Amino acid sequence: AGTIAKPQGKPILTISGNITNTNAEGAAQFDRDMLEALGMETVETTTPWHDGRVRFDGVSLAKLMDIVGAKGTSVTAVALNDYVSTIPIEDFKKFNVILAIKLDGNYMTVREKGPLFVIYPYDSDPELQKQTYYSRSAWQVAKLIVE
């Protein structure tokens, strides 16, 4: 039986891998309404890719790992362009990493590297202002695979 509700709209995120809570064969599929329903956090920061300080609204990745019952310690983020970013799951609770859904109050289209973007609060901690965390940021996210 499924433990995650089925999406009513077009799924924009699939979580798979070593998870226990699903709504499809070995996977948890989310439409945008389901992601927004998990609760939206706000992160304001300068970044290597944006002009000036920008504001992201998105869902806590720690909350996504909790609802799918992630059993791993690493997540592979798969982008639309088929390149991956590898992220230690420990980063999610340590730095309040979000799966961004909005940028400056607007949804993100494909040419803005949306609809989903893994974002760290770079300016909140000097530790996050370096390539280690810029490479763990993942734009055009389509999938999260728990290893």
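Heads up: residue numbers just count along the shown sequence, starting at 1.
**Q** Tell me which of 46-54 and 79-87 has the higher mean C-alpha B-factor in the deposited entry.
**A** Higher of the two, by average CA B-factor, is 46-54.
**Q** On mean C-alpha B-factor from the PDB entry, just flag whether 19-27 or 135-143 is the higher one.
**A** Stretch with the higher mean C-alpha B-factor: 19-27.
**Q** Taking the values straight from the PDB record, which of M65, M40, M34, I98 has the highest C-alpha temperature factor?
**A** Among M65, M40, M34, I98, the PDB entry lists the largest C-alpha B-factor for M40.
**Q** Test of reading the entry: by CA B factor among the chain's modelled residues, which third contains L116?
**A** Within its chain, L116 is a lowest-third residue by C-alpha B-factor, going by the deposited values.
**Q** Consider only the C-alpha atoms of the modelled residues in this chain, order them by B-factor as the entry records it, and name the third containing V59: lowest, middle or highest.
**A** Ranked within chain, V59 CA B lands in the lowest tercile.
**Q** Lowest, middle or highest third of the chain for the C-alpha temperature factor of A70?
**A** Answer is lowest: the recorded C-alpha B-factor places it there.
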